[PDB]
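> experimental structure below, sequence on top.
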There are 2 protein chains.
Amino acid sequence: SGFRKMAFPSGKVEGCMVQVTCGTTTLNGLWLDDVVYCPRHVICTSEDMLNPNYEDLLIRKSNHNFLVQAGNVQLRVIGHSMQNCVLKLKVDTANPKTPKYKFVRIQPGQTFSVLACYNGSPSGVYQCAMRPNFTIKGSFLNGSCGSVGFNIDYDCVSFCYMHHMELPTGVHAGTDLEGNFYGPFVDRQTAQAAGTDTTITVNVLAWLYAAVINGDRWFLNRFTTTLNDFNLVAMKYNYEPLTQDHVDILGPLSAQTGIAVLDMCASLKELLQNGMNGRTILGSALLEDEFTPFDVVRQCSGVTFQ
Amino acid sequence: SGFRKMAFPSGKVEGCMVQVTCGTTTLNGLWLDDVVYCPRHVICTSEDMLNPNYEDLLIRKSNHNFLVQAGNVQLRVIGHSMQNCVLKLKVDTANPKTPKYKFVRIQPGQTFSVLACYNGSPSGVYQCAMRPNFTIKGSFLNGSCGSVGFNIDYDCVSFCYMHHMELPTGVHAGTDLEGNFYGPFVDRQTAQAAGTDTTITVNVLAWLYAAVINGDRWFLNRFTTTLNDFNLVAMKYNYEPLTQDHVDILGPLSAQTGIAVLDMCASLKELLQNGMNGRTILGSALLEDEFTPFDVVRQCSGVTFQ
Ligand SMILES: *[C@](O)(C(N)=O)[C@H](C[C@@H]1CCNC1=O)NC(=O)[C@@H]1[C@@H]2[C@H](CN1C(=O)CCc1ccccc1)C2(C)C
Ligand SMILES: *[C@](O)(C(N)=O)[C@H](C[C@@H]1CCNC1=O)NC(=O)[C@@H]1[C@@H]2[C@H](CN1C(=O)CCc1ccccc1)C2(C)C
Ligand SMILES: [Ca+2]
Ligand SMILES: [Ca+2]
């Protein structure tokens, strides 16, 4: 028993990280078969930042202008192209550590692991959620751009995020591996407010089920609620609406614990209205929203990766 | 910026995990050069558990009784011995993925990453602390025994923990890689109370410095304190004494932030005496004690591993 904020094992992704330098800037790339993927602002300078002309900057770069290093072994670039906000650098050597992989675009409220990297070398791995406002609350310093976020299923790495920016509010923004931003953000220094963030209600419910599975049951009350009545309370506390799809996704945790989804919703309503009165749930004094239903089932069942 | 509970990249350790079966039980082993290390209770049955005679159980086992699988490739066992609470299985094949490594015995309040494994395959990675009572608050299910905890420094994996038990209180206990338990625990089902746990005061101070580095400064008050006066308050709230060694270890974070260690101690004294009044620090509504001073400096400086 026990419940931790668990990241995916990072080794399959570690074997794909490289360094990309184009004149000035060094950032991280992802090396899969004979392609290196990285943020297109590797081609920018200091003065370029309010509104870079990425097409003009790229027309002025040669294959040989890209210095790609895989553990300080140079990979020769033999082609380059821009796809939305990433570059794709074709190299003359396929990565022999390429895992089975997919590119996926995740939905707000889904979770993934980030392998934070600097100069092509890993610093650390942590789990987070894609906020409802399409930001992430990560740990990213200068040099981390091109770090990726991912999920694993059996032997297959699903890459979902590449890091590009830290907004003036100190939250993080990036793209999918086709280079399309999550959220209404652009890769330039210009005004670009994130939308108001909300709490991921289906994830809080999942975590309350995790608490019950792990014997932390004090918050269970004796009531039930309707879905519509729960949603009127959710709204007031800046929680996302709970949908029938969400109720259905919580069904297996409901069966494991014997606690109907709408009964758990009545317990969450009381926590929102009354607070926790100085108590903790799974070691937290706040309601946790960075575990999906699937994350709870995986961790509580010991699901492994090949 | 941002501050997360960051684990070490797990790939170097992933390449060392195997499965060990001796009749009944399957658990995890650690394969380094031509030796597999695992918990000695792989040799036990159901009836053996109140007080196993590990020497008698082992005299009755053959090399060939140990089925070692590295990704479901069998490794032939050509020798075995018991060292404290682990076995060492000599195999006829050295692990070609062996990293540079050391075995270390960590001190209470130090941190490490756990790679939670089942059937020799990784489930996930998370960071924790060795509690002052020599337990860990992990996430371990049946089948996780033999999972390890580790730190990385440049290219060198320091293995510090191997998982053996979950006490009746739901906390976790294990050994160093020489098989000596942390804490007054034994590998049998018998009464064995953990000592009262305390809060790791030097780690809370480190995390408050992390908060300042990341711009979360609301809790800084205008006062100072003596070390002795701080320790009288620490004592009351079941915090560990802060030593001069700890003050010296916090000196670099003190210099980075401009906040003297004893000034930070005065801010922590006010938080203990008055609470947080519904506020958070780095996203937490409690005072966090699972980051060491070195963990804070590493994360805030982007330290990487080769
Ligand atoms: C990334 O380029 C790198 N090399 O690591 C960097 C990461 C970023 C630094 C601080 N923490 C981080 O996550 N990203 C950037 O510096 C990006 C690039 C220009 C500016 N930028 C920002 O993060 C600032 C964004 C901003 C938005 C609105 C107003 C002002 C600034 C790019 C090309 C967006
Ligand atoms: C480990 O053997 C495994 N195969 O995974 C297992 C891990 C443990 C199961 C539940 N979560 C866990 O972390 N460890 C054990 O089952 C150990 C082995 C016998 C009993 N045991 C316990 O964890 C129970 C400890 C206990 C202490 C006091 C009183 C009653 C029980 C061994 C050999 C200690
Ligand atoms: Ca050349
Ligand atoms: Ca045989």
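Happy to help now that I have it. Numbers count the residues shown, from 1 in each chain, chains lettered A, B, ... in the order given. Ligands and ions are numbered 1, 2, ... in the order given.
> contacts only, for the closest residue to ligand 1 within the stretch 101-250 of chain A.
Nearest residue of the stretch 101-250 of chain A to ligand 1: residue A:145, at 2.9 Å (C-beta to the nearest ligand atom). For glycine as for every other residue, the C-beta is placed from the backbone atoms N, C-alpha and C. Contacts for residue A:145 (C-beta atoms under 8 Å, 6 or more residues apart in numbering or on different chains) come out as A:27, A:28, A:38, A:39, A:41, A:42, A:163, A:164.
> same deal with residue A:297?
Applying C-beta under 8 Å, 6+ apart to residue A:297 gives the contacts A:252, A:253, A:303.
> so the last one touches residue B:123, yeah?
In this case it means residue A:303. Yes - Residue A:303 is within contact range of residue B:123, at 6.3 Å (criterion: C-beta atoms under 8 Å).
> more neighbours: which of these two?
Between residue A:303 and residue B:123, counting by other C-beta atoms under 10 Å in any protein chain shown, residue B:123 is the more crowded of the two (25 against 17).
> please name the bridge partners of the nearest residue to the more buried one once chain neighbours are set aside.
Spatial nearest neighbour of residue B:123, excluding adjacent residues (C-beta to C-beta, 6 or more residues apart in numbering or on different chains): residue B:116 at 4.5 Å. Beta-bridge pairing for residue B:116 (DSSP bridges): residue B:124.
> what separates residue B:116 from residue A:235, distance-wise?
Noted for residue B:116: a distance of 38 Å to residue A:235, by C-beta to C-beta, to the nearest Å.
> give me the nearest residue to the residue of the stretch 101-250 of chain A closest to ligand 1, chain neighbours excluded.
Leaving aside its chain neighbours, residue A:145 sits nearest to residue A:27 (4.2 Å; criterion: C-beta to C-beta, 6+ apart).
> now do the contacts for the closest residue to ligand 1 within the stretch 201-306 of chain A.
Closest to ligand 1 within the stretch 201-306 of chain A is residue A:290: 19.0 Å, counting by C-beta to the nearest ligand atom. Taking C-beta under 8 Å, 6+ apart, we find residue A:290 in contact with A:5, A:111, A:127, A:128, A:129, A:200, A:203.
> can you rerun that using 7 Å?
Contact partners of residue A:290, counting by C-beta atoms under 7 Å, 6 or more residues apart in numbering or on different chains, are A:5, A:111, A:127, A:128, A:129, A:203.
> residues in contact with the residue lying closest to the first one once chain neighbours are set aside?
Nearest residue to residue A:5, sequence neighbours excluded (C-beta to C-beta, 6+ apart): residue A:127, at 5.2 Å. For residue A:127, the contacting residues are A:5, A:6, A:7, A:111, A:113, A:290, by C-beta under 7 Å, 6+ apart.
> picking up where we left off before, which SS state does the residue of the stretch 101-250 of chain A closest to ligand 1 fall under?
coil (DSSP: H, G, I helix; E, B strand; the rest coil).
> ok, it to residue A:136 distance?
Distance of residue A:145 to residue A:136, given as C-beta to C-beta: 14 Å.
> hang on, the earlier thing: neighbour count: residue B:116 and residue A:235, which is higher?
The residue with more neighbours, out of residue B:116 and residue A:235, is residue B:116; 28 against 12, by other C-beta under 10 Å.
> my read: the more buried one touches residue B:124, true?
Yes - Residue B:116 lies in contact with residue B:124 (C-beta atoms under 7 Å); the separation is 5.3 Å.
> nearest to chain B, of the contacts of residue A:297?
For the contacts of residue A:297, the minimum distance to chain B (C-beta to the nearest C-beta) is 6.3 Å, reached by residue A:303.
> doesn't that closest one belong to a strand?
No - judged by three-state DSSP, residue A:303 forms no part of a strand; its state is coil.
> does ligand 1 sit close to the host helix or strand of the residue nearest to residue A:5?
Element membership for residue A:127 (DSSP states H and E) is strand A:121-129. No - against ligand 1, strand A:121-129 shows no contacts by C-beta under 6 Å from any ligand atom, the least distance being 11.9 Å.
> can you name every helix or strand that the helix or strand just after that strand contacts?
Next helix or strand after strand A:121-129 toward the C-terminus (DSSP H and E): strand A:148-153. Other elements packing on strand A:148-153 under the criterion 3 or more C-beta pairs under 7 Å, 6 or more residues apart in numbering or on different chains; DSSP states H and E are helix A:11-14, strand A:111-118, strand A:156-166.
> fine by me, we can end here.
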